[PDB]
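Peer 1: Below is the file target19.cif, with mmCIF, C-alpha atoms and all ligand atoms.
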```cif
data_protein
#
loop_
_atom_site.label_atom_id
_atom_site.label_comp_id
_atom_site.auth_asym_id
_atom_site.auth_seq_id
_atom_site.Cartn_x
_atom_site.Cartn_y
_atom_site.Cartn_z
CA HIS A 7 -17.09 -43.18 -70.79
CA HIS A 8 -16.06 -46.61 -72.11
CA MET A 9 -14.14 -47.29 -75.31
CA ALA A 10 -12.83 -50.84 -75.72
CA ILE A 11 -11.82 -53.85 -73.73
CA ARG A 12 -8.05 -53.94 -74.18
CA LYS A 13 -5.63 -56.70 -75.11
CA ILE A 14 -3.64 -57.94 -72.09
CA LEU A 15 0.05 -58.51 -72.82
CA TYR A 16 1.80 -61.75 -71.84
CA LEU A 17 5.42 -62.42 -71.07
CA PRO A 18 7.88 -62.02 -72.68
CA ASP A 19 6.50 -58.74 -74.10
CA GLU A 20 9.12 -56.10 -73.33
CA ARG A 21 6.44 -53.57 -72.38
CA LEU A 22 5.81 -55.61 -69.24
CA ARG A 23 9.43 -54.89 -68.21
CA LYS A 24 9.37 -51.10 -68.60
CA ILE A 25 9.33 -48.89 -65.53
CA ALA A 26 6.06 -47.00 -65.79
CA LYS A 27 5.86 -43.17 -65.74
CA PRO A 28 3.81 -41.20 -63.19
CA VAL A 29 0.37 -39.94 -64.18
CA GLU A 30 0.43 -36.17 -64.33
CA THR A 31 -2.82 -35.26 -66.18
CA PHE A 32 -6.29 -36.04 -64.81
CA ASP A 33 -8.57 -35.51 -67.80
CA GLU A 34 -11.39 -37.35 -69.54
CA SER A 35 -9.00 -39.63 -71.46
CA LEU A 36 -7.63 -40.90 -68.15
CA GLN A 37 -11.17 -41.70 -67.00
CA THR A 38 -11.85 -43.59 -70.21
CA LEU A 39 -8.63 -45.55 -69.69
CA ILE A 40 -9.56 -46.41 -66.11
CA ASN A 41 -13.05 -47.52 -67.16
CA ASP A 42 -11.62 -49.72 -69.91
CA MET A 43 -9.09 -51.15 -67.46
CA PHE A 44 -11.88 -52.19 -65.08
CA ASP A 45 -13.80 -53.72 -67.99
CA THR A 46 -10.65 -55.53 -69.13
CA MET A 47 -9.88 -56.79 -65.62
CA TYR A 48 -13.37 -58.19 -65.06
CA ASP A 49 -13.53 -59.66 -68.55
CA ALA A 50 -10.24 -61.46 -67.83
CA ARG A 51 -11.49 -62.77 -64.42
CA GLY A 52 -8.88 -60.76 -62.49
CA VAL A 53 -9.04 -58.78 -59.27
CA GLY A 54 -6.49 -56.19 -60.37
CA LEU A 55 -4.89 -54.82 -63.50
CA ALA A 56 -1.94 -52.49 -63.99
CA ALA A 57 -1.64 -50.17 -66.97
CA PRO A 58 1.62 -51.76 -68.30
CA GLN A 59 -0.31 -55.02 -68.72
CA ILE A 60 -2.25 -53.37 -71.56
CA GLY A 61 0.83 -51.61 -72.95
CA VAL A 62 0.28 -48.24 -71.22
CA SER A 63 3.40 -47.12 -69.37
CA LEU A 64 1.65 -45.34 -66.50
CA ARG A 65 1.80 -45.93 -62.74
CA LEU A 66 -1.91 -46.74 -62.62
CA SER A 67 -3.79 -49.81 -61.44
CA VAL A 68 -7.42 -50.78 -60.92
CA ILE A 69 -8.39 -53.24 -58.18
CA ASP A 70 -11.59 -54.98 -57.06
CA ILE A 71 -11.06 -57.84 -54.59
CA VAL A 72 -14.71 -58.10 -53.61
CA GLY A 73 -16.03 -57.82 -57.16
CA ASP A 74 -18.61 -55.00 -56.99
CA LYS A 75 -18.60 -51.27 -57.70
CA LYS A 76 -18.60 -49.94 -54.12
CA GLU A 77 -15.23 -51.57 -53.40
CA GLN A 78 -13.41 -50.44 -56.54
CA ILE A 79 -9.93 -49.09 -55.87
CA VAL A 80 -7.79 -47.04 -58.25
CA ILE A 81 -4.17 -46.40 -57.31
CA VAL A 82 -2.40 -43.65 -59.24
CA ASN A 83 1.31 -43.06 -58.57
CA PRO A 84 1.30 -45.35 -55.52
CA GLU A 85 4.03 -45.65 -52.95
CA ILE A 86 4.38 -48.24 -50.22
CA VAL A 87 4.85 -46.29 -47.00
CA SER A 88 5.03 -49.26 -44.63
CA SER A 89 4.75 -53.03 -44.64
CA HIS A 90 4.77 -55.72 -41.98
CA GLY A 91 5.15 -59.48 -41.78
CA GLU A 92 5.66 -62.10 -44.48
CA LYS A 93 3.00 -64.44 -45.83
CA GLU A 94 2.78 -67.12 -48.52
CA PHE A 95 0.15 -66.54 -51.19
CA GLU A 96 -0.99 -68.77 -54.05
CA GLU A 97 -0.96 -66.38 -56.99
CA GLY A 98 -1.54 -66.01 -60.72
CA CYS A 99 -1.13 -63.13 -63.14
CA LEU A 100 -3.17 -62.05 -66.16
CA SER A 101 0.16 -61.50 -67.97
CA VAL A 102 1.40 -65.04 -67.23
CA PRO A 103 -1.71 -67.06 -68.15
CA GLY A 104 -1.80 -70.55 -66.67
CA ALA A 105 1.05 -70.11 -64.17
CA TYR A 106 0.13 -70.51 -60.49
CA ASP A 107 2.75 -70.49 -57.76
CA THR A 108 3.23 -69.73 -54.10
CA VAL A 109 5.06 -66.44 -53.48
CA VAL A 110 6.04 -64.65 -50.29
CA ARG A 111 4.83 -61.08 -49.82
CA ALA A 112 4.27 -58.71 -46.93
CA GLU A 113 1.23 -59.68 -44.87
CA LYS A 114 0.22 -56.03 -44.35
CA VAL A 115 1.02 -52.96 -46.46
CA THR A 116 0.04 -49.30 -46.40
CA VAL A 117 -0.06 -47.54 -49.76
CA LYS A 118 -0.32 -43.81 -50.39
CA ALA A 119 -1.56 -42.82 -53.82
CA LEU A 120 -3.88 -40.55 -55.75
CA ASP A 121 -7.40 -41.79 -56.48
CA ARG A 122 -8.94 -41.80 -59.96
CA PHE A 123 -9.63 -38.04 -59.74
CA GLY A 124 -6.14 -37.09 -58.52
CA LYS A 125 -7.01 -36.69 -54.85
CA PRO A 126 -4.68 -38.12 -52.18
CA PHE A 127 -5.66 -41.21 -50.24
CA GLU A 128 -4.11 -44.01 -48.23
CA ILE A 129 -5.20 -47.59 -47.78
CA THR A 130 -3.92 -50.37 -45.53
CA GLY A 131 -4.52 -53.91 -46.75
CA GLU A 132 -4.04 -57.40 -45.39
CA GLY A 133 -4.65 -60.74 -47.04
CA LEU A 134 -5.71 -60.59 -50.68
CA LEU A 135 -5.77 -56.77 -50.76
CA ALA A 136 -2.19 -56.58 -49.48
CA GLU A 137 -1.12 -59.22 -51.98
CA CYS A 138 -2.88 -57.43 -54.84
CA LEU A 139 -1.48 -54.01 -53.94
CA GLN A 140 2.07 -55.39 -53.96
CA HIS A 141 1.44 -57.35 -57.17
CA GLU A 142 0.12 -54.27 -59.01
CA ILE A 143 2.92 -51.98 -57.85
CA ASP A 144 5.45 -54.61 -58.96
CA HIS A 145 3.98 -54.39 -62.49
CA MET A 146 4.66 -50.63 -62.42
CA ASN A 147 8.33 -51.42 -61.84
CA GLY A 148 8.49 -54.02 -64.63
CA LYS A 149 8.35 -56.88 -62.12
CA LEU A 150 6.24 -60.01 -62.40
CA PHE A 151 5.54 -62.60 -59.74
CA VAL A 152 7.53 -65.35 -61.47
CA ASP A 153 10.71 -63.28 -61.08
CA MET A 154 10.97 -64.14 -57.36
CA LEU A 155 10.67 -67.89 -58.03
CA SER A 156 13.50 -70.42 -58.28
CA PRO A 157 15.02 -71.00 -61.73
CA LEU A 158 13.25 -74.39 -61.82
CA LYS A 159 9.86 -72.80 -61.11
CA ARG A 160 10.50 -70.03 -63.63
CA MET A 161 11.31 -72.67 -66.26
CA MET A 162 8.10 -74.55 -65.50
CA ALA A 163 6.09 -71.33 -65.71
CA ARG A 164 7.70 -70.61 -69.09
CA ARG A 165 6.79 -74.09 -70.34
CA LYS A 166 3.20 -73.75 -69.12
CA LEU A 167 2.86 -70.33 -70.76
CA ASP A 168 4.32 -71.64 -74.03
CA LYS A 169 1.81 -74.50 -74.06
CA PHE A 170 -1.01 -72.06 -73.37
CA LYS A 171 0.03 -69.95 -76.36
CA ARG A 172 0.09 -73.04 -78.59
CA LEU A 173 -3.42 -73.97 -77.49
CA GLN A 174 -4.74 -70.44 -78.05
CA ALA A 175 -3.49 -70.73 -81.64
CA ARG A 176 -5.68 -73.85 -82.06
CA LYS A 177 -8.76 -72.31 -80.44
CA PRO A 178 -11.56 -71.74 -83.00
CA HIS B 7 -5.71 -88.05 -80.78
CA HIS B 8 -6.99 -84.47 -80.42
CA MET B 9 -10.22 -83.13 -81.91
CA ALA B 10 -11.20 -79.68 -80.64
CA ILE B 11 -11.02 -77.31 -77.71
CA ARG B 12 -14.47 -77.43 -76.13
CA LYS B 13 -16.83 -74.74 -74.91
CA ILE B 14 -16.97 -74.56 -71.10
CA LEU B 15 -20.48 -74.05 -69.73
CA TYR B 16 -21.27 -71.38 -67.14
CA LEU B 17 -23.95 -71.22 -64.50
CA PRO B 18 -26.94 -71.37 -64.75
CA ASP B 19 -26.68 -73.96 -67.56
CA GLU B 20 -28.78 -76.90 -66.39
CA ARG B 21 -26.19 -79.39 -67.63
CA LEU B 22 -23.93 -78.28 -64.76
CA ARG B 23 -26.63 -79.51 -62.32
CA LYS B 24 -27.07 -83.00 -63.78
CA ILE B 25 -25.73 -86.08 -62.03
CA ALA B 26 -23.06 -87.51 -64.31
CA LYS B 27 -23.24 -91.14 -65.35
CA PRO B 28 -20.39 -93.63 -64.91
CA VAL B 29 -18.04 -94.24 -67.81
CA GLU B 30 -18.59 -97.74 -69.20
CA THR B 31 -16.58 -97.99 -72.44
CA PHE B 32 -12.84 -97.35 -72.71
CA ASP B 33 -12.49 -96.80 -76.46
CA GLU B 34 -10.69 -94.33 -78.70
CA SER B 35 -13.58 -91.85 -78.44
CA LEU B 36 -12.96 -91.66 -74.69
CA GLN B 37 -9.26 -90.96 -75.23
CA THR B 38 -10.06 -88.14 -77.67
CA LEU B 39 -12.45 -86.64 -75.12
CA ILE B 40 -9.80 -86.82 -72.39
CA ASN B 41 -7.18 -85.23 -74.64
CA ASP B 42 -9.60 -82.45 -75.58
CA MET B 43 -10.47 -81.92 -71.92
CA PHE B 44 -6.80 -81.41 -71.03
CA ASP B 45 -6.44 -78.96 -73.93
CA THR B 46 -9.59 -77.13 -72.82
CA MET B 47 -8.43 -76.99 -69.18
CA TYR B 48 -5.01 -75.58 -70.06
CA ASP B 49 -6.49 -73.14 -72.56
CA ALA B 50 -8.85 -71.87 -69.84
CA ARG B 51 -6.01 -71.55 -67.28
CA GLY B 52 -7.52 -74.22 -64.99
CA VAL B 53 -5.90 -77.00 -62.97
CA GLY B 54 -8.88 -79.34 -63.35
CA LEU B 55 -11.88 -79.89 -65.56
CA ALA B 56 -14.90 -82.17 -65.20
CA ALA B 57 -16.82 -83.55 -68.18
CA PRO B 58 -20.16 -81.93 -67.16
CA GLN B 59 -18.42 -78.57 -67.53
CA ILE B 60 -18.24 -79.19 -71.28
CA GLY B 61 -21.73 -80.67 -71.41
CA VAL B 62 -20.71 -84.36 -71.27
CA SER B 63 -22.60 -86.19 -68.52
CA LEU B 64 -19.80 -88.57 -67.53
CA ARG B 65 -18.05 -89.09 -64.19
CA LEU B 66 -14.72 -88.03 -65.65
CA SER B 67 -12.24 -85.34 -64.70
CA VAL B 68 -8.77 -84.29 -65.80
CA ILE B 69 -6.35 -82.65 -63.36
CA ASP B 70 -2.90 -81.07 -63.60
CA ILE B 71 -1.89 -79.18 -60.44
CA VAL B 72 1.75 -78.69 -61.47
CA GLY B 73 1.23 -77.96 -65.16
CA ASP B 74 3.35 -80.62 -66.92
CA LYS B 75 2.52 -83.91 -68.63
CA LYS B 76 4.23 -86.08 -66.00
CA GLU B 77 1.71 -85.06 -63.30
CA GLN B 78 -1.49 -85.36 -65.36
CA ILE B 79 -4.24 -87.13 -63.40
CA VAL B 80 -7.40 -88.60 -64.89
CA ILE B 81 -10.14 -89.77 -62.52
CA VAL B 82 -12.87 -91.95 -63.99
CA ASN B 83 -15.83 -93.03 -61.83
CA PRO B 84 -14.12 -91.67 -58.68
CA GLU B 85 -15.21 -92.34 -55.12
CA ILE B 86 -13.99 -90.52 -52.04
CA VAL B 87 -13.24 -93.30 -49.57
CA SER B 88 -11.94 -91.13 -46.72
CA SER B 89 -11.04 -87.59 -45.83
CA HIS B 90 -9.53 -85.77 -42.89
CA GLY B 91 -9.71 -82.27 -41.48
CA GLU B 92 -11.41 -79.10 -42.66
CA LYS B 93 -9.52 -76.24 -44.28
CA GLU B 94 -10.36 -72.90 -45.88
CA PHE B 95 -9.37 -72.57 -49.55
CA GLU B 96 -9.57 -69.57 -51.86
CA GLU B 97 -11.20 -70.99 -54.97
CA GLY B 98 -12.56 -70.20 -58.41
CA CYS B 99 -14.25 -72.31 -61.05
CA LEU B 100 -14.11 -72.33 -64.84
CA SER B 101 -17.92 -72.64 -64.85
CA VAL B 102 -18.35 -69.56 -62.61
CA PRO B 103 -16.02 -67.05 -64.32
CA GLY B 104 -14.97 -64.14 -62.14
CA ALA B 105 -16.17 -65.53 -58.82
CA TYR B 106 -13.53 -66.11 -56.14
CA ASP B 107 -14.45 -67.09 -52.61
CA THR B 108 -13.21 -68.94 -49.57
CA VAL B 109 -14.73 -72.40 -49.14
CA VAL B 110 -14.22 -75.11 -46.54
CA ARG B 111 -13.12 -78.51 -47.81
CA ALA B 112 -11.31 -81.50 -46.37
CA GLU B 113 -7.56 -81.02 -45.97
CA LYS B 114 -6.71 -84.60 -46.98
CA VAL B 115 -8.76 -86.92 -49.19
CA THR B 116 -8.35 -90.45 -50.51
CA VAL B 117 -10.00 -91.30 -53.82
CA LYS B 118 -10.44 -94.63 -55.58
CA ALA B 119 -10.94 -94.29 -59.34
CA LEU B 120 -10.14 -95.77 -62.72
CA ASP B 121 -7.31 -94.14 -64.64
CA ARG B 122 -7.71 -93.04 -68.26
CA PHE B 123 -7.43 -96.64 -69.51
CA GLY B 124 -9.77 -98.15 -66.92
CA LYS B 125 -7.15 -99.48 -64.53
CA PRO B 126 -8.20 -99.06 -60.88
CA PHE B 127 -5.96 -96.89 -58.74
CA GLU B 128 -6.05 -94.97 -55.47
CA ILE B 129 -4.75 -91.47 -54.80
CA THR B 130 -4.31 -89.53 -51.58
CA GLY B 131 -4.04 -85.77 -51.91
CA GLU B 132 -3.42 -82.87 -49.56
CA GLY B 133 -3.56 -79.14 -50.13
CA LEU B 134 -4.33 -78.05 -53.68
CA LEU B 135 -4.69 -81.62 -54.96
CA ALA B 136 -7.16 -82.47 -52.18
CA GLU B 137 -9.17 -79.31 -52.91
CA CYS B 138 -9.17 -80.05 -56.64
CA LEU B 139 -10.25 -83.69 -56.28
CA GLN B 140 -13.21 -82.56 -54.15
CA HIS B 141 -14.09 -79.70 -56.51
CA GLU B 142 -14.07 -82.03 -59.54
CA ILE B 143 -16.11 -84.78 -57.92
CA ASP B 144 -18.64 -82.15 -56.81
CA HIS B 145 -19.10 -81.25 -60.50
CA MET B 146 -20.01 -84.88 -61.23
CA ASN B 147 -22.80 -84.58 -58.66
CA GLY B 148 -24.16 -81.33 -60.08
CA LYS B 149 -22.56 -79.27 -57.31
CA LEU B 150 -20.57 -76.06 -57.72
CA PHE B 151 -18.47 -74.29 -55.14
CA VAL B 152 -20.86 -71.34 -54.81
CA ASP B 153 -23.54 -73.66 -53.42
CA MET B 154 -21.80 -73.87 -50.07
CA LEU B 155 -21.54 -70.06 -49.68
CA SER B 156 -23.89 -67.83 -47.71
CA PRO B 157 -26.90 -66.37 -49.57
CA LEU B 158 -25.18 -62.97 -49.60
CA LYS B 159 -22.04 -64.43 -51.18
CA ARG B 160 -24.08 -66.45 -53.68
CA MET B 161 -25.89 -63.29 -54.76
CA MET B 162 -22.60 -61.41 -55.12
CA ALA B 163 -21.17 -64.24 -57.23
CA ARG B 164 -24.28 -64.23 -59.45
CA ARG B 165 -24.03 -60.50 -60.11
CA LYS B 166 -20.29 -60.75 -60.80
CA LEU B 167 -21.00 -63.56 -63.26
CA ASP B 168 -23.77 -61.53 -64.91
CA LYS B 169 -21.38 -58.59 -65.34
CA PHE B 170 -18.78 -60.92 -66.86
CA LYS B 171 -21.35 -62.14 -69.38
CA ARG B 172 -22.22 -58.55 -70.33
CA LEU B 173 -18.55 -57.71 -70.88
CA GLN B 174 -18.01 -60.86 -72.95
CA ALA B 175 -20.79 -59.63 -75.24
CA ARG B 176 -18.88 -56.34 -75.74
CA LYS B 177 -15.52 -57.98 -76.40
CA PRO B 178 -14.44 -57.62 -80.06
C1 LIG C 1 -4.49 -62.12 -55.95
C2 LIG C 1 -3.82 -60.76 -55.92
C3 LIG C 1 -2.68 -60.70 -56.91
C4 LIG C 1 -3.07 -61.17 -58.30
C5 LIG C 1 -3.73 -60.13 -59.23
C6 LIG C 1 -3.98 -60.81 -60.57
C7 LIG C 1 -4.32 -59.83 -61.69
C8 LIG C 1 -3.07 -59.23 -62.25
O1 LIG C 1 -2.35 -59.87 -63.01
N1 LIG C 1 -2.77 -57.99 -61.90
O2 LIG C 1 -1.50 -57.70 -62.36
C9 LIG C 1 -5.12 -61.78 -60.46
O3 LIG C 1 -6.30 -61.42 -60.45
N2 LIG C 1 -4.75 -63.05 -60.38
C10 LIG C 1 -5.72 -64.10 -60.16
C11 LIG C 1 -5.45 -64.75 -58.83
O4 LIG C 1 -4.32 -65.14 -58.59
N3 LIG C 1 -6.47 -64.79 -57.97
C12 LIG C 1 -7.82 -64.33 -58.24
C13 LIG C 1 -8.37 -63.96 -56.87
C14 LIG C 1 -7.57 -64.79 -55.88
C15 LIG C 1 -6.32 -65.27 -56.59
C16 LIG C 1 -6.37 -66.79 -56.65
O5 LIG C 1 -5.06 -67.32 -56.42
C17 LIG C 1 -5.60 -65.13 -61.28
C18 LIG C 1 -6.58 -66.30 -61.09
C19 LIG C 1 -5.76 -64.47 -62.67
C1 LIG C 2 -8.15 -75.09 -56.98
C2 LIG C 2 -8.78 -76.47 -57.03
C3 LIG C 2 -10.24 -76.36 -57.42
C4 LIG C 2 -10.44 -75.42 -58.61
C5 LIG C 2 -10.39 -76.10 -59.98
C6 LIG C 2 -10.78 -75.07 -61.03
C7 LIG C 2 -11.06 -75.70 -62.38
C8 LIG C 2 -12.48 -76.21 -62.41
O1 LIG C 2 -13.42 -75.44 -62.44
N1 LIG C 2 -12.67 -77.51 -62.41
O2 LIG C 2 -14.02 -77.82 -62.28
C9 LIG C 2 -9.67 -74.08 -61.19
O3 LIG C 2 -8.67 -74.34 -61.85
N2 LIG C 2 -9.83 -72.94 -60.53
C10 LIG C 2 -8.79 -71.93 -60.52
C11 LIG C 2 -8.31 -71.74 -59.12
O4 LIG C 2 -9.10 -71.53 -58.20
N3 LIG C 2 -7.00 -71.89 -58.93
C12 LIG C 2 -5.99 -72.18 -59.94
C13 LIG C 2 -4.86 -72.85 -59.15
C14 LIG C 2 -5.05 -72.44 -57.70
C15 LIG C 2 -6.43 -71.82 -57.57
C16 LIG C 2 -6.27 -70.33 -57.28
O5 LIG C 2 -7.39 -69.88 -56.52
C17 LIG C 2 -9.37 -70.62 -61.09
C18 LIG C 2 -8.33 -69.51 -61.01
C19 LIG C 2 -9.87 -70.75 -62.52
ZN ZN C 3 -0.30 -59.42 -62.78
ZN ZN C 4 -15.14 -76.03 -61.37
#
```
Produce structure tokens that represent the structure in this file.

Peer 2:
Amino acid sequence: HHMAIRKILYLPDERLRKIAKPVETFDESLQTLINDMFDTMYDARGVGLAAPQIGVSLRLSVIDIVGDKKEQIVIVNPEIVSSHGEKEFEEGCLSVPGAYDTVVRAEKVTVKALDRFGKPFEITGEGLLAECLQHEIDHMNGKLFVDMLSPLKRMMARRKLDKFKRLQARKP
Amino acid sequence: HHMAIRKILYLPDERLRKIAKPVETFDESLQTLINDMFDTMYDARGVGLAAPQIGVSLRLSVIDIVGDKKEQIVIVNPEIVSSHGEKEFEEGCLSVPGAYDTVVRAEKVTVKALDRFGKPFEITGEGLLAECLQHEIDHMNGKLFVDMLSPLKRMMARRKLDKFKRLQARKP
């Protein structure tokens, strides 16, 4: 069922910039991957995680905004079918540790996808769920939230990330 | 100048519930502690850290909302002298890993404190800075952000924290 908590990749790892490939096989190894992704997400204090963030080039993300099992969402091969409004969100990313910035995203989005067993579903989110859905799909297209920021803010995020990496190297 | 990245304590460690004592001596040992607190905060991807969170019962917090050295704030023996408004904030805490919730705090706060060398100063913050000043001072009074949540939300944060601890035990 579960195998290992996985290493999360940080910028500038090129695997975070690859366009992920659709999932086309629903077998036990996919279920093990999904289970490890949830474990990895919770262990990293996130509310979502996309497969490219652990070096797996698949259009697959796990999400839990509430933080318990009954509200777990898996989006496989998602597509945004509609979106409405614009809203500022204060956001971070497990692949850009330490960087927090305000970004503008749709206030409401509807996503069609396959669930973790390959069965079609749709979900409409607002607030954090809408933000998370857009953030995770961006990862599947090699896009990270710092990309939409000004050059100044991208530079500051780079400096913060570089300092984080230097501190991790001094951690016991 | 720097000694070691420190272990951050999680609920229910009783040291997070103690009332911190005022700082009385501004010596080199205090500077080393402050430097280590900044390192620990950045390494944990936080924008503030209070000394009780590393098991040091002192009314001392480090803050960096922006993420660079020019905006570092140190508050020593702080006192909120005024505040205005009430605003919802989405918040987490380094001492409650994995828990994110909306809390109500003042929108604007004015704090009198000593800086890292013991010089009195006053700071007025809005937005994130106001939220952070209030969050950090709460830590000095043995208060964590989950305390203001409903019993249902406190239970959900406890179980999320317990799951995080179980995953940490299974991390390589
Ligand atoms: C919020 C929805 C979009 C962000 C999703 C990310 C996780 C991620 O990188 N997926 O790619 C996350 O959990 N980020 C966290 C985050 O930004 N959070 C956590 C919940 C609320 C919000 C706080 O700004 C940080 C703290 C790691
Ligand atoms: C936000 C001001 C009050 C929170 C301060 C805490 C740090 C802390 O626990 N100090 O005691 C923090 O950085 N929390 C982070 C947090 O809530 N952040 C980071 C910046 C913005 C906001 C996102 O919700 C989480 C992600 C660890
Ligand atoms: Zn991300
Ligand atoms: Zn805290």

Peer 1: Output as a ChimeraX atom specification the set of chain B residues within 8 Å of chain A, with distances taken over only C-alpha atoms.

Peer 2: /B:10-11,45,48-52,73-74,103-105,162,166,170,173-174,176-178

Peer 1: May I ask you to write as a PyMOL selection string all residues lying at most 9 Å from ligand ZN 4 (chain C), with all atoms listed in the file counted?

Peer 2: chain B and resi 52+54-56+59+98-102+138+141-142+144-145+150-151

Peer 1: Go through A:62, A:135, A:25, A:17 one by one, measure the shortest atom-to-atom distance of each to ligand LIG 1 (chain C) using all atoms listed in the file, and give the residue with the smallest value.

Peer 2: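 Answer, going by the shortest atom-to-atom distance: A:135.
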
Peer 1: Would you mind listing what lies within 10 Å of range 114-127 of chain B as a VMD selection string, with all atoms listed in the file counted and same-chain residues fewer than 2 positions away left out?

Peer 2: chain B and resid 29 to 33 36 to 37 40 66 to 68 79 to 93 111 to 112 129 to 137 139 to 140 143

Peer 1: With C-alpha atoms retained, export the selected residues as a short mmCIF file (atom, residue, chain, number, x, y, z; two decimals), keeping the file's coordinate frame.

Peer 2:
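Once everything was written out, this is result_9.cif:
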```
data_model
loop_
_atom_site.label_atom_id
_atom_site.label_comp_id
_atom_site.auth_asym_id
_atom_site.auth_seq_id
_atom_site.Cartn_x
_atom_site.Cartn_y
_atom_site.Cartn_z
CA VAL B 29 -18.04 -94.24 -67.81
CA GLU B 30 -18.59 -97.74 -69.20
CA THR B 31 -16.58 -97.99 -72.44
CA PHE B 32 -12.84 -97.35 -72.71
CA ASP B 33 -12.49 -96.80 -76.46
CA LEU B 36 -12.96 -91.66 -74.69
CA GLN B 37 -9.26 -90.96 -75.23
CA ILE B 40 -9.80 -86.82 -72.39
CA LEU B 66 -14.72 -88.03 -65.65
CA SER B 67 -12.24 -85.34 -64.70
CA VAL B 68 -8.77 -84.29 -65.80
CA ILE B 79 -4.24 -87.13 -63.40
CA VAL B 80 -7.40 -88.60 -64.89
CA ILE B 81 -10.14 -89.77 -62.52
CA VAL B 82 -12.87 -91.95 -63.99
CA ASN B 83 -15.83 -93.03 -61.83
CA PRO B 84 -14.12 -91.67 -58.68
CA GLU B 85 -15.21 -92.34 -55.12
CA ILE B 86 -13.99 -90.52 -52.04
CA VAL B 87 -13.24 -93.30 -49.57
CA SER B 88 -11.94 -91.13 -46.72
CA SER B 89 -11.04 -87.59 -45.83
CA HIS B 90 -9.53 -85.77 -42.89
CA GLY B 91 -9.71 -82.27 -41.48
CA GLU B 92 -11.41 -79.10 -42.66
CA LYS B 93 -9.52 -76.24 -44.28
CA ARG B 111 -13.12 -78.51 -47.81
CA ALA B 112 -11.31 -81.50 -46.37
CA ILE B 129 -4.75 -91.47 -54.80
CA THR B 130 -4.31 -89.53 -51.58
CA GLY B 131 -4.04 -85.77 -51.91
CA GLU B 132 -3.42 -82.87 -49.56
CA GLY B 133 -3.56 -79.14 -50.13
CA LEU B 134 -4.33 -78.05 -53.68
CA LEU B 135 -4.69 -81.62 -54.96
CA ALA B 136 -7.16 -82.47 -52.18
CA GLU B 137 -9.17 -79.31 -52.91
CA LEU B 139 -10.25 -83.69 -56.28
CA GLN B 140 -13.21 -82.56 -54.15
CA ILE B 143 -16.11 -84.78 -57.92
#
```

Peer 1: What is the distance, in Å and to one decimal place, between CA of residue 38 in chain B and CA of residue 9 in chain B?

Peer 2: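 Taking CA of residue 38 in chain B as the start and CA of residue 9 in chain B as the end point, the length is 6.6 Å.
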
Peer 1: Which residue is closest to ligand LIG 1 (chain C)? Choose from A:39, A:161, A:69, A:110 and count only C-alpha atoms and all ligand atoms.

Peer 2: A:69

Peer 1: Figure out the distance between atom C14 of ligand LIG 1 (chain C) and CA of residue 158 in chain B, please, to one decimal in Å.

Peer 2: 18.8 Å

Peer 1: Work out how far CA of residue 155 in chain B is from atom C8 of ligand LIG 2 (chain C), in Å to one decimal.

Peer 2: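 Between atom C8 of ligand LIG 2 (chain C) and CA of residue 155 in chain B the gap works out to 16.8 Å.
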
Peer 1: Could you tell me which of A:18, A:148, A:28, A:58 comes closest to residue 43 in chain A if we count all atoms listed in the file?

Peer 2: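 Checking each candidate against residue 43 in chain A, we get A:58 as the closest.
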
Peer 1: Build an axis-aligned box that encloses every atom of ligand LIG 2 (chain C) listed in the file, pad it by 4 Å on each side, and report its centre and edge lengths in Å to one decimal, as AutoDock Vina command-line options.

Peer 2:
```
--center_x -9.4 --center_y -73.7 --center_z -59.5 --size_x 17.2 --size_y 16.3 --size_z 14.0
```

Peer 1: Considering only C-alpha atoms and all ligand atoms, state which residue in the set B:8, B:21, B:149, B:76 is at the smallest distance from ligand LIG 2 (chain C).

Peer 2: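 For ligand LIG 2 (chain C), the nearest of the given residues is B:149.
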
Peer 1: Ranking B:95, B:159, B:13, B:42 by minimum distance to ligand LIG 1 (chain C) and counting all atoms listed in the file, which one comes first?

Peer 2: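 For ligand LIG 1 (chain C), the nearest of the given residues is B:95.
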
Peer 1: Which one of A:63, A:147, A:41, A:108 sits closest to ligand LIG 2 (chain C) if you count all atoms listed in the file?

Peer 2: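 Looking at the shortest contact to ligand LIG 2 (chain C), the residue is A:108.
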